[PDB]
């Protein structure tokens, strides 16, 4: 898709509402980058929540949260019509380099079930279980939203402890191709939400587990060049 210079507008951070949780490494990396470079270059993508003067964060949770942590006030933003057909939503695929037996033990310690099930991926994609865990073997992790959050918490902890390397793939096919090559061991598969589900969630004040949405527009917003000091 084409890159397009789009006009941004500064929006106050306190008007932005998240729809998903954070990955600690991504939060800390953003803070390190923006303070080290002094430049904010990737605009927030926002959509107004109907009946309010608040915005759904479409893209930029880690940027918003990092700026809030730094004590900033505003961020450059592109305002979208969320239900325009050009706005599409997919998901991310958490994958790891590491020992699946250690991951499974940690998942079970958090009260999750991990069940060998050759239909796990199909069930996950239908929204019937929290995640499928797919590699040499195929496991179902039953549940829904709360169980997805428990899985993600374990992964973030193991990422921080360097027990695994935790990476997020945009495309399931890419994760599977890298597993074939021996670059990753297992991938977690869940169903993407619909846009209607995202907006319903933010309207009730709730959030998904980290990296639940991956939004795509008909164009790529060109990068911008805003000084960090201008956000305060």
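Positions refer to the first chain, counted from 1.
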- Query: Comparing 71-79 with 130-138, which stretch shows the greater average C-alpha B-factor in the deposited entry?
  - Reply: 130-138
- Message: Averaging CA B factors per stretch from the PDB record, which one is higher: 94-102 or 150-158?
- Response: 94-102
- Message: Checking the record values for 200, 54, 185, 28, which has the greatest CA B factor?
- Response: 185
- Largest Cα B-factor, entry values, listed residues 192, 34, 49, 175: 175
- Item | residue 14, C-alpha B-factor rank within chain (lowest, middle or highest third) | middle
- Item | Third assignment of residue 223 from its chain's C-alpha B-factors | highest
- Message: When the deposited Cα B-factors of this chain's modelled residues are ordered and cut into thirds, is residue 58 in the lowest, the middle or the highest one?
- Response: lowest
- Task: Going by the recorded CA B-factors, say which third of the chain residue 66 sits in, lowest, middle or highest.
- Result: lowest
- Note on the structure: residue 167: CA B-factor among chain residues, third -> highest
